[PDB]
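Comments concern the structure below.
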Amino acid sequence: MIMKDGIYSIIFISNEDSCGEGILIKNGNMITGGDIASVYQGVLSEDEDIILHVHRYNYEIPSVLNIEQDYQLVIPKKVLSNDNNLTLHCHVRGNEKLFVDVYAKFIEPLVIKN
Amino acid sequence: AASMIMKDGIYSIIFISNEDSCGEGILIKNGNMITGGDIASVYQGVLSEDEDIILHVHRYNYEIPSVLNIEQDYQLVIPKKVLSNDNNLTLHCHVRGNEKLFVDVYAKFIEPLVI
Amino acid sequence: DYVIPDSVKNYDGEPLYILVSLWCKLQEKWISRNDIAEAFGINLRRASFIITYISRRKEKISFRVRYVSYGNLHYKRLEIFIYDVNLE
């Protein structure tokens, strides 16, 4: 159905085989999260694919996609569900040959509900 | 000299315990809500808007020990006042019900929220 | 995977974090992320986590940890100094 509000840990692996770990938080249609070198935000327009903006705050550590500016990721809705496990294929906007595979694991609901 | 409600957004945090155990994480502030996590734990709290913030800490990765070496859920107390600075914050956060157990948190603002 | 410095060649069997700690002890100096990644041919994400994990194994490793200005490049980084290691 529709993805659960709460806190998720994510694992991601790119086509250039770099991998990394982060957290992700969903609060309604708002998606936010980050890892050791970059952070991300997006809104669920709930009718399209989700555009996720990736911002680098630590350039001493390379992007798993080895992009050294801000970029956008495409996440398709089709695969999002209310399960406690999720697997996602997310490519760079305007370049399908560049991508990350995400495994999301649900940890906990949110403290103030809806 | 400013109250704990300061900029909404995403923060990177570095923390060191009283026994010099450490970690790296991110933290998101959104209205009266605090959420974040690292490689082994997640944390949440409500800004009661008059008191100290109670922050609930839960470990999800049992391959890695808690930075305070606590083997169940615990709570941290985050002080009302925070004192501020330019995109930098340093916080003393002790464990609820035991003040000798604590973490020093170094937080850096990354970005506002998209909405 | 990782390489083992000639400094500690004769410890092949020990887990990575013991191996790193022992190497650190042999430097007698404040070690950062970049020092470690260099010497063990691992990437930086991995190097960071190793420091984090070591700092949580106090029954094995006796150390200190400061968070300090470098550069700069007006930032601070975690550095670690490892007193010694217990293998019994």
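By convention in this document, the chains of the structure tokens carry letters A, B, ... by their order, each chain's residues are numbered from 1, and ligands are numbered from 1 in the order they are shown.
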
Where does chain A meet chain C within 8 Å, residue by residue, with the nearest atom pair and distance in Å to one decimal for each, counting only C-alpha atoms, listed by chain and rising number, as JSON lines?
```
{"residue": "A:20", "atom": "CA", "partner": "C:45", "partner_atom": "CA", "distance": 7.5}
{"residue": "A:36", "atom": "CA", "partner": "C:45", "partner_atom": "CA", "distance": 7.6}
{"residue": "A:61", "atom": "CA", "partner": "C:44", "partner_atom": "CA", "distance": 6.6}
```

Next on the checklist: For the structure I just gave you, how does DSSP split range 14-88 of chain C - specifically, which residues are alpha helix (DSSP H)? Reply as a VMD selection string.
Outcome noted: chain C and resid 16 to 25 33 to 40 44 to 54

Would you write out those residues with N, CA, C and O atoms, as a short mmCIF file (atom, residue, chain, number, x, y, z; two decimals), in the first residue's frame?
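And here's again.cif as it stands now:
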```cif
data_model
loop_
_atom_site.label_atom_id
_atom_site.label_comp_id
_atom_site.auth_asym_id
_atom_site.auth_seq_id
_atom_site.Cartn_x
_atom_site.Cartn_y
_atom_site.Cartn_z
N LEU C 16 40.18 -7.19 11.86
CA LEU C 16 40.72 -5.93 11.35
C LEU C 16 40.96 -4.89 12.44
O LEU C 16 42.01 -4.24 12.46
N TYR C 17 40.01 -4.75 13.37
CA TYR C 17 40.10 -3.67 14.35
C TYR C 17 41.24 -3.88 15.35
O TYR C 17 41.84 -2.93 15.83
N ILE C 18 41.53 -5.14 15.67
CA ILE C 18 42.69 -5.44 16.50
C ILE C 18 43.95 -5.06 15.74
O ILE C 18 44.86 -4.44 16.28
N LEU C 19 43.97 -5.44 14.46
CA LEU C 19 45.11 -5.18 13.58
C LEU C 19 45.40 -3.69 13.47
O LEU C 19 46.55 -3.28 13.56
N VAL C 20 44.36 -2.91 13.26
CA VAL C 20 44.48 -1.46 13.21
C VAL C 20 45.00 -0.89 14.53
O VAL C 20 45.99 -0.16 14.55
N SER C 21 44.34 -1.24 15.63
CA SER C 21 44.74 -0.81 16.97
C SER C 21 46.21 -1.07 17.28
O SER C 21 46.92 -0.19 17.79
N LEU C 22 46.67 -2.28 16.97
CA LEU C 22 48.06 -2.64 17.20
C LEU C 22 49.00 -1.75 16.39
O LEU C 22 50.05 -1.31 16.87
N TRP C 23 48.61 -1.48 15.15
CA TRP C 23 49.41 -0.62 14.28
C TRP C 23 49.47 0.79 14.84
O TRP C 23 50.53 1.43 14.85
N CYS C 24 48.32 1.27 15.31
CA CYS C 24 48.23 2.59 15.92
C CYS C 24 49.16 2.70 17.10
O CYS C 24 49.92 3.65 17.21
N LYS C 25 49.10 1.71 17.99
CA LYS C 25 49.96 1.66 19.17
C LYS C 25 51.42 1.81 18.77
O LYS C 25 52.21 2.42 19.48
N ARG C 33 41.21 9.18 10.51
CA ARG C 33 40.70 8.50 9.32
C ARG C 33 41.71 8.26 8.17
O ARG C 33 41.96 7.12 7.75
N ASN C 34 42.29 9.35 7.66
CA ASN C 34 43.17 9.28 6.49
C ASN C 34 44.45 8.46 6.71
O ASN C 34 44.93 7.79 5.79
N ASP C 35 45.00 8.52 7.92
CA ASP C 35 46.18 7.73 8.28
C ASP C 35 45.90 6.24 8.15
O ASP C 35 46.78 5.47 7.75
N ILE C 36 44.68 5.84 8.49
CA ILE C 36 44.32 4.44 8.58
C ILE C 36 44.02 3.90 7.21
O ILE C 36 44.54 2.85 6.82
N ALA C 37 43.17 4.62 6.49
CA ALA C 37 42.77 4.23 5.15
C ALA C 37 44.00 4.07 4.25
O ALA C 37 44.10 3.12 3.47
N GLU C 38 44.93 5.01 4.37
CA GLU C 38 46.21 4.93 3.70
C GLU C 38 46.86 3.57 3.92
O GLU C 38 47.17 2.86 2.97
N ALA C 39 47.04 3.21 5.18
CA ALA C 39 47.92 2.11 5.53
C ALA C 39 47.26 0.73 5.44
O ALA C 39 47.94 -0.29 5.50
N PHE C 40 45.94 0.69 5.30
CA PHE C 40 45.26 -0.60 5.23
C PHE C 40 44.53 -0.77 3.90
O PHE C 40 43.76 -1.70 3.73
N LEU C 44 37.56 5.49 2.93
CA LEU C 44 37.42 6.37 4.08
C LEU C 44 36.19 6.04 4.94
O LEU C 44 36.31 6.02 6.16
N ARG C 45 35.04 5.76 4.34
CA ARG C 45 33.87 5.32 5.12
C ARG C 45 34.25 4.21 6.10
O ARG C 45 34.03 4.31 7.31
N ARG C 46 34.86 3.17 5.56
CA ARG C 46 35.38 2.07 6.37
C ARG C 46 36.35 2.56 7.46
O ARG C 46 36.28 2.10 8.60
N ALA C 47 37.24 3.49 7.13
CA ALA C 47 38.24 3.96 8.10
C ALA C 47 37.58 4.66 9.29
O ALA C 47 37.98 4.47 10.44
N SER C 48 36.58 5.48 9.00
CA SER C 48 35.82 6.15 10.03
C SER C 48 35.19 5.15 10.99
O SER C 48 35.32 5.29 12.21
N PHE C 49 34.51 4.15 10.44
CA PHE C 49 33.75 3.21 11.25
C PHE C 49 34.66 2.41 12.17
O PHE C 49 34.33 2.20 13.34
N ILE C 50 35.81 1.98 11.64
CA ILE C 50 36.85 1.33 12.43
C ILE C 50 37.19 2.13 13.69
O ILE C 50 37.27 1.56 14.78
N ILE C 51 37.38 3.44 13.55
CA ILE C 51 37.66 4.27 14.71
C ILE C 51 36.48 4.23 15.68
O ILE C 51 36.65 3.97 16.86
N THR C 52 35.28 4.45 15.15
CA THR C 52 34.07 4.38 15.94
C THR C 52 33.99 3.06 16.70
O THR C 52 33.78 3.04 17.92
N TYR C 53 34.17 1.95 15.99
CA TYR C 53 34.01 0.64 16.61
C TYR C 53 35.06 0.40 17.69
O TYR C 53 34.75 -0.09 18.77
N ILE C 54 36.31 0.77 17.40
CA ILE C 54 37.39 0.60 18.37
C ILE C 54 37.06 1.32 19.66
O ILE C 54 37.34 0.83 20.76
#
```

Checklist entry - residue 115 in chain B: which residues within 12 Å, counting only C-alpha atoms, same-chain residues fewer than 2 positions away excluded, as a VMD selection string? => result (chain A and resid 27 to 32 41 to 44) or (chain B and resid 8 to 9 30 to 31 111 to 113)

Let's have the selection written as an mmCIF file, in the first residue's frame, with C-alpha atoms.
```
data_model
loop_
_atom_site.group_PDB
_atom_site.id
_atom_site.type_symbol
_atom_site.label_atom_id
_atom_site.label_comp_id
_atom_site.auth_asym_id
_atom_site.auth_seq_id
_atom_site.Cartn_x
_atom_site.Cartn_y
_atom_site.Cartn_z
ATOM 1 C CA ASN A 27 6.964 12.019 8.019
ATOM 2 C CA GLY A 28 3.876 12.112 5.862
ATOM 3 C CA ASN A 29 4.919 12.938 2.324
ATOM 4 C CA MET A 30 8.214 14.335 3.533
ATOM 5 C CA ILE A 31 11.356 12.242 3.052
ATOM 6 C CA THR A 32 14.631 13.285 4.717
ATOM 7 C CA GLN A 41 15.359 15.543 0.824
ATOM 8 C CA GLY A 42 12.192 15.046 -1.182
ATOM 9 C CA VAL A 43 8.423 15.338 -1.131
ATOM 10 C CA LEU A 44 6.055 12.562 -2.197
ATOM 11 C CA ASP B 8 14.646 23.624 11.474
ATOM 12 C CA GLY B 9 16.721 21.314 9.307
ATOM 13 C CA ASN B 30 11.160 19.575 12.347
ATOM 14 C CA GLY B 31 8.777 21.678 14.428
ATOM 15 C CA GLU B 111 20.589 22.666 5.291
ATOM 16 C CA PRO B 112 17.063 23.982 5.792
ATOM 17 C CA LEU B 113 14.036 21.754 5.118
#
```

Next on the checklist: Here is a test: counting only C-alpha atoms, which residue of B:1, B:35, B:6, B:99 is nearest to chain A?
Outcome noted: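 Selected residue with least distance to chain A: B:35.
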
Provide as a compact mmCIF listing (two decimals) with N, CA, C and O atoms, in the first residue's frame the residues of chain B at most 10 Å from chain C, counting only C-alpha atoms.
```txt
# COMPACT_ATOMS: atom_id res chain seq x y z
N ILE B 14 28.59 14.86 16.01
CA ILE B 14 29.72 14.07 16.47
C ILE B 14 29.52 14.04 17.95
O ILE B 14 29.20 15.07 18.54
N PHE B 15 29.70 12.88 18.58
CA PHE B 15 29.57 12.83 20.03
C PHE B 15 30.65 11.95 20.64
O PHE B 15 31.18 11.06 19.98
N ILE B 16 31.02 12.27 21.87
CA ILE B 16 32.03 11.54 22.63
C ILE B 16 31.50 11.28 24.08
O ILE B 16 31.07 12.21 24.77
N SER B 17 31.57 10.03 24.55
CA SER B 17 31.02 9.71 25.86
C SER B 17 32.03 10.06 26.93
O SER B 17 33.18 10.36 26.62
N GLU B 19 33.56 8.10 28.71
CA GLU B 19 34.68 7.15 28.67
C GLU B 19 35.42 7.21 27.31
O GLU B 19 36.21 6.31 26.96
N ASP B 20 35.16 8.27 26.56
CA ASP B 20 35.83 8.57 25.29
C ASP B 20 35.44 7.64 24.13
O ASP B 20 36.13 7.61 23.11
N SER B 21 34.34 6.90 24.28
CA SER B 21 33.70 6.23 23.15
C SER B 21 33.03 7.25 22.26
O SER B 21 32.44 8.21 22.76
N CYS B 22 33.07 7.04 20.94
CA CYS B 22 32.51 8.05 20.04
C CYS B 22 31.65 7.53 18.90
O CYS B 22 31.53 6.31 18.68
N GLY B 23 31.00 8.47 18.21
CA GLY B 23 30.16 8.18 17.06
C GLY B 23 29.83 9.38 16.18
O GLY B 23 30.10 10.53 16.52
N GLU B 24 29.25 9.10 15.02
CA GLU B 24 28.90 10.12 14.02
C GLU B 24 27.46 9.86 13.68
O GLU B 24 27.08 8.71 13.57
N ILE B 39 25.05 4.57 12.87
CA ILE B 39 25.30 3.26 12.33
C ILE B 39 24.68 2.15 13.19
O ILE B 39 24.49 1.03 12.73
N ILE B 64 27.12 -4.04 17.16
CA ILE B 64 27.90 -2.91 17.66
C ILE B 64 27.40 -2.42 18.99
O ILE B 64 26.22 -2.14 19.12
N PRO B 65 28.31 -2.25 19.97
CA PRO B 65 27.89 -1.78 21.29
C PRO B 65 27.44 -0.31 21.30
O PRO B 65 27.94 0.50 20.52
N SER B 66 26.47 -0.01 22.15
CA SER B 66 26.06 1.36 22.47
C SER B 66 27.29 2.20 22.88
O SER B 66 28.25 1.68 23.47
N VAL B 67 27.27 3.49 22.56
CA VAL B 67 28.40 4.33 22.94
C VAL B 67 28.50 4.52 24.50
O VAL B 67 29.57 4.81 25.04
N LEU B 68 27.38 4.33 25.20
CA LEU B 68 27.37 4.33 26.66
C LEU B 68 27.35 2.91 27.27
O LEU B 68 27.29 2.75 28.50
N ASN B 69 27.39 1.90 26.39
CA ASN B 69 27.40 0.47 26.77
C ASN B 69 26.17 0.02 27.56
O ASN B 69 26.22 -0.91 28.34
N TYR B 106 28.69 17.53 19.37
CA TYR B 106 29.11 18.63 18.48
C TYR B 106 28.30 18.59 17.20
O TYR B 106 28.51 17.74 16.34
```

Item to check | Long-range neighbours of residue 49 in chain A as a list in words, 7 Å cut-off, only C-alpha atoms, 4 positions minimum in chain | outcome: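 The residues satisfying every condition are residues 74, 75, 76 and 77 of chain A.
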
Next on the checklist: Can you pull out every residue from chain A that DSSP, working from the backbone, puts in strand (DSSP E or B), and format the result as a count of residues only?
Outcome noted: 63

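Among B:81, B:100, B:7, B:108, the residue with the shortest atom-to-atom distance to chain A, counting only C-alpha atoms, is B:108.
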
Next on the checklist: For a quick check of understanding, using only C-alpha atoms, which of B:88, B:44, B:18, B:98 has the smallest distance to chain A?
Outcome noted: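 Of the candidates, the smallest distance to chain A is held by B:44.
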
Checklist entry - With only C-alpha atoms as the basis for distance, which of B:2, B:60, B:79, B:29 is at the shortest distance from chain A? => result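 For chain A, the nearest of the given residues is B:60.
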
Checklist entry - How many Å lie between CA of residue 107 in chain A and CA of residue 8 in chain A, rounded to one decimal? => result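 Atom-to-atom, CA of residue 107 in chain A to CA of residue 8 in chain A, that is 5.5 Å.
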
Checklist entry - So which residues touch residue 93 in chain B within 10 Å, counting only C-alpha atoms, skipping near sequence neighbours fewer than 5 positions away, as a PyMOL selection string? => result chain B and resi 15+17+53+55+75-79+99+101-105

Checklist entry - Quick one: which residues from chain A are at most 10 Å off chain B, using only C-alpha atoms, as JSON, numbers by chain? => result {"A": [6, 7, 8, 9, 10, 21, 22, 23, 24, 25, 27, 30, 31, 32, 33, 34, 35, 36, 37, 38, 39, 40, 41, 42, 43, 53, 55, 56, 57, 58, 105, 106, 107, 108, 109, 110, 111, 112]}

Just the selected residues (C-alpha atoms), exported as an mmCIF file, in the first residue's frame, please.
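Ended up saving to selection18.cif:
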```cif
data_model
loop_
_atom_site.group_PDB
_atom_site.id
_atom_site.type_symbol
_atom_site.label_atom_id
_atom_site.label_comp_id
_atom_site.auth_asym_id
_atom_site.auth_seq_id
_atom_site.Cartn_x
_atom_site.Cartn_y
_atom_site.Cartn_z
ATOM 1 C CA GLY A 6 8.985 6.361 10.961
ATOM 2 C CA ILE A 7 12.746 5.866 10.958
ATOM 3 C CA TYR A 8 14.507 3.580 8.524
ATOM 4 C CA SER A 9 18.078 2.424 8.183
ATOM 5 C CA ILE A 10 19.267 2.149 4.622
ATOM 6 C CA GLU A 21 24.947 3.216 5.095
ATOM 7 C CA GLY A 22 22.540 5.939 6.187
ATOM 8 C CA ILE A 23 19.291 6.724 7.891
ATOM 9 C CA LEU A 24 16.050 7.856 6.402
ATOM 10 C CA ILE A 25 12.986 9.400 8.016
ATOM 11 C CA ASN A 27 6.964 12.019 8.019
ATOM 12 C CA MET A 30 8.214 14.335 3.533
ATOM 13 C CA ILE A 31 11.356 12.242 3.052
ATOM 14 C CA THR A 32 14.631 13.285 4.717
ATOM 15 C CA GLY A 33 17.827 11.500 5.672
ATOM 16 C CA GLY A 34 21.564 11.310 5.300
ATOM 17 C CA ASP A 35 24.851 9.566 5.855
ATOM 18 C CA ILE A 36 28.447 10.429 6.730
ATOM 19 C CA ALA A 37 29.087 12.618 3.675
ATOM 20 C CA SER A 38 25.777 13.658 2.084
ATOM 21 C CA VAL A 39 22.127 14.439 2.957
ATOM 22 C CA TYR A 40 18.850 14.079 1.018
ATOM 23 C CA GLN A 41 15.359 15.543 0.824
ATOM 24 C CA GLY A 42 12.192 15.046 -1.182
ATOM 25 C CA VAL A 43 8.423 15.338 -1.131
ATOM 26 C CA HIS A 53 17.923 16.107 -3.908
ATOM 27 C CA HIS A 55 23.591 17.623 -1.179
ATOM 28 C CA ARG A 56 27.204 16.990 -0.231
ATOM 29 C CA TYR A 57 28.355 18.594 3.010
ATOM 30 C CA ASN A 58 31.632 16.659 3.428
ATOM 31 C CA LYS A 105 14.759 -1.544 7.060
ATOM 32 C CA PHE A 106 12.011 -0.104 9.343
ATOM 33 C CA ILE A 107 13.170 0.574 12.887
ATOM 34 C CA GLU A 108 10.480 2.495 14.751
ATOM 35 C CA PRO A 109 7.271 4.571 14.265
ATOM 36 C CA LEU A 110 7.236 8.340 14.973
ATOM 37 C CA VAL A 111 6.668 9.769 18.462
ATOM 38 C CA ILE A 112 3.947 12.227 17.455
#
```

Next on the checklist: Would you pick out the contacts of residue 26 in chain C at 12 Å or less, using only C-alpha atoms, so that residues sharing its chain but fewer than 4 positions from it are not included, and give the list as number ranges by chain?
Outcome noted: C: 5-8, 19-22, 30-31, 81-85

Checklist entry - Leaving out residue 2 in chain C and any residue of its chain fewer than 2 positions from it, which residues lie within 7 Å of it when counting only C-alpha atoms, given as a ChimeraX atom specification? => result /C:4,40-42

Limited to N, CA, C and O atoms, could you put the picked residues into a file as a compact mmCIF listing (two decimals), in the first residue's frame?
```txt
# COMPACT_ATOMS: atom_id res chain seq x y z
N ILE C 4 47.97 -5.59 5.16
CA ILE C 4 48.57 -5.58 6.48
C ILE C 4 49.97 -5.01 6.42
O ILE C 4 50.86 -5.64 5.85
N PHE C 40 45.94 0.69 5.30
CA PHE C 40 45.26 -0.60 5.23
C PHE C 40 44.53 -0.77 3.90
O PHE C 40 43.76 -1.70 3.73
N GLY C 41 44.80 0.14 2.96
CA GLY C 41 44.17 0.10 1.66
C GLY C 41 42.67 -0.09 1.70
O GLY C 41 42.11 -0.82 0.89
N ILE C 42 42.00 0.54 2.66
CA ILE C 42 40.55 0.58 2.66
C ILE C 42 40.08 2.00 2.40
O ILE C 42 40.85 2.94 2.51
```

Item to check | Å distance separating CA of residue 60 in chain A from CA of residue 107 in chain B, one decimal place | outcome: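 Computing it gives 17.9 Å between the two atoms.
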
Checklist entry - Please, what distance in Å, to one decimal, runs between CA of residue 85 in chain A and CA of residue 104 in chain A? => result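 Distance reported for this atom pair: 5.7 Å.
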